[PDB]
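The form deposited in one PDB entry is given below as one chain in structure tokens.
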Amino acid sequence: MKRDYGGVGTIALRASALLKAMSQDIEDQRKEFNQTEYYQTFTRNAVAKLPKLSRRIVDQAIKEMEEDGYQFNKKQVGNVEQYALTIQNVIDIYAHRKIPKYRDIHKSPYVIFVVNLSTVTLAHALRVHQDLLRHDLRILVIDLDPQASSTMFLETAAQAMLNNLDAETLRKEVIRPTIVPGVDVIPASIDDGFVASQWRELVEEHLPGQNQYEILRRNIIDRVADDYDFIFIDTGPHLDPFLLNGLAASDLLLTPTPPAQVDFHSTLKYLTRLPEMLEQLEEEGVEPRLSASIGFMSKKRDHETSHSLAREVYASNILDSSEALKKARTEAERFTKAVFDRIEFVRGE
């Protein structure tokens, strides 16, 4: 309440009022998802081209499945009904053919910490990758950064951590569905800034006797453990309690390294500070779950020079990646399967 500071309130009132001007913008979000174009159609020959399958596996499965009930997807082109198999169609075929799902080879939840200085987009990528469907992946993305991941949609992760909810509530009330059926998101908000700020205090008041850095693991990860193969944690750079919760609940650090000689140094400085961050956990008497790290490149002088530099710092934990649709989409795909293979590499080995 004073004069023009009593006017910041004025701009605020008008800002929230124009935020209602937003329904006109929600339809713009679909303009961004229309570019994703994901309702891939699969011709029986393509499916037969997939891993562990063949023109004869597809046909036997299709016939067999068709017979006990199952109804595959079809399109009516011209006057003929061609088969257009969906991701679930292909996924069920692998199940009919009895190929083991990822959840049949690996004990529940592998947690990944993504270094922010894109994530849901990676999660979507891993789920719908041709040579990866056989795994039937279940991925959840936890948003502990007051901004981006919540973009993919039709109670924040911070709130849920404090509300101390049970698996049934998390499953049916907090965890929200993304545009891709296999990937789920627990959203973030600006308002998480206030929680991140008064964390320990709020912890002591609502979660008595619980360690302030085991709360991500305790109240979410562990309660949704049998539900997801991969769990990606998205946080800001700046934050520390929320950033520390991610470092204590994750198994693998995933560090994306920018080509710009400008950003390459930011990342380098960031990475140079993680040890001190782990020590704060150690001081609280909590063991970090970290057991593996991976770093890659993206995106002319800088790029070409940065890639050869990352090898120096990441050593054996470095990867590759990026005319536009044909070429790039492909380059991207190759990256995804690269990331998956590395996780598999560092995991059950």
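Whichever C-alpha set is largest while still superposing within 1.5 Å between the two forms counts as the rigid core. All residue numbers refer to positions in the sequence shown, first residue = 1.
In what follows, reference is made to the form deposited in another entry, a form of this protein that is not presented.
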item: Rigid core superposition, residue 330 Cα moves 2 angstroms or more between the shown form and the other one; value: no
item: Large Cα shift (2 Å or above) at residue 250 between the shown form and the other one, core-fitted; value: no
item: Post core alignment: residue 148 C-alpha displaced by 2 Å or more between the shown form and the other one; value: yes
item: Inter-Cα distance between residue 148 and residue 201 in the other entry, nearer or further [3 Å or more]; value: closer
